[PDB]
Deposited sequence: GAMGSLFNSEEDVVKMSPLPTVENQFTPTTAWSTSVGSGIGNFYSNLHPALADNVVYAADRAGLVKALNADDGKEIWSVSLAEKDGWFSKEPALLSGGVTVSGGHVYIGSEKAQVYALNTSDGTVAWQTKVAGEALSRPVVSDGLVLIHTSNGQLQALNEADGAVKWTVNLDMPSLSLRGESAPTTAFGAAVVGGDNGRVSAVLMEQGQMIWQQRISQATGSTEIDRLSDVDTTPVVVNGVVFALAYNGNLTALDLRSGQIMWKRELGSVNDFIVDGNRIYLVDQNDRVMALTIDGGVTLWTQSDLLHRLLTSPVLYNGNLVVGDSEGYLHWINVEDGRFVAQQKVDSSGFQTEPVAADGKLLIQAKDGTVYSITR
């Protein structure tokens, strides 16, 4: 295996960097799911060692910052899952099995809770609860007001695995190959389905259908209500996907990018010119598919035919965690921690 060359692309437009701002030492060479959040024109971002910053979304200037690092005088917090913002709190999970809630106003700690295992996936907030899927197979619901554990479900037992929420239920994937639905009220189990016999096992729930990758990279669609399997695509080896309209866009383990029909394809097209370049998850921005690579380039892809429409060099430390498209903005954090706002 060898990395594909940088594609030659005739830019249809010239994307640029609007601003960039350092955030500590980022994630370095460690695997992480840590990425930025955006709410009310403020970007919230963190680094593994424990630094968290709030930045003005128009110019990237710091509003507040806080270090969460606490036999030695100081030790890294190992921030990992997040950042998630909701209702005046910033939520971040750590590999030390802590979940932090910070005030959006000033970065002060609202609460901190010891959870049942490493919190490597983004906190997901719904109905007054912060849902935490721990790396050792538990789903825990914390009160957003005080961080107390309201309920805990054993699922139960490398790639992100956040819960998904839908109409009063949480849906969780992850090892070992089962998808589960539980009721938010008290964590009552509704159903489980086996979809098995790196990978983002976070389910995506769209219009009553659960789309989920198995740890082996097979893509499956399940009925939200019953967990019945509607279709499975033994590609396999998908790493990340998104759903939009009647299409699924995905990046496979070899960094091929494809578009599938929402009925499980039909592969509409495959773009293989980024093979082995080590891509981020894809996002949609201004109608184009965007992915970053390990060399620090962003690649802009036409969703109709998979052709490149633009390419830009952003950060020599490279990309790994997900680009974020929200509120008309495109944000991405480099491995060395630098957060970028990108303009089309």
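Judged by missing C-alpha atoms, the gaps in the deposited chain sequence fall at residues 1-13, 84-86, 174-178, 219-229, listed in sequence order.
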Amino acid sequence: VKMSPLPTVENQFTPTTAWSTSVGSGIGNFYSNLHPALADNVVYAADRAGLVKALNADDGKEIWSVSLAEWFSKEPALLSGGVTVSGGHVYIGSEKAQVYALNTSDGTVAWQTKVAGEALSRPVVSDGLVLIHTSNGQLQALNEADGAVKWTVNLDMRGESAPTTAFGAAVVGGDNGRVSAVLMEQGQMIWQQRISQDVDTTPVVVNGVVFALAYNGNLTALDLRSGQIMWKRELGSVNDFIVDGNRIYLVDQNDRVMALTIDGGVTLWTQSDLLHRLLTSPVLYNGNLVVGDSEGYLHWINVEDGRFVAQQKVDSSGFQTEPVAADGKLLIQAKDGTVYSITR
From here on, numbers count along this sequence of modelled residues.
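Here the rigid core means the biggest group of C-alpha atoms that line up within 1.5 Å when the two forms are laid on top of each other.
With 78-86 and 224-232 as candidates, the stretch whose CA atoms show the greater average offset from this form in 4 other deposited structures of this protein after a core fit is 224-232. Between 136-144 and 265-273, the larger root mean square Cα shift in 4 other deposited structures of this protein, once each structure is superposed on the rigid core, falls on 265-273. When the mean C-alpha temperature factors of 237-245 and 173-181 are read from the deposited coordinates, 173-181 comes out higher. Averaged over their C-alpha atoms, the temperature factors of 270-278 and 116-124 are higher for 116-124. Which of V257, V109, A145, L260 has the largest Cα B-factor in the deposited entry comes down to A145. Of the candidates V85, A166, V210, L213, the PDB record gives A166 the highest C-alpha temperature factor. Per the deposited record, the Cα B-factor of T14 falls in the highest third when ranked against the other modelled residues of its chain. Sort the modelled residues of the chain by CA B factor and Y100 lands in the middle third. Split the chain's modelled residues into thirds by C-alpha temperature factor. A69 is in the highest one.
Per the PDB record, residue ranking by Cα B-factor puts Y91 in the lowest third of the chain.
The entry lists a Cα temperature factor for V251 that places it in the lowest third of the chain's modelled residues.
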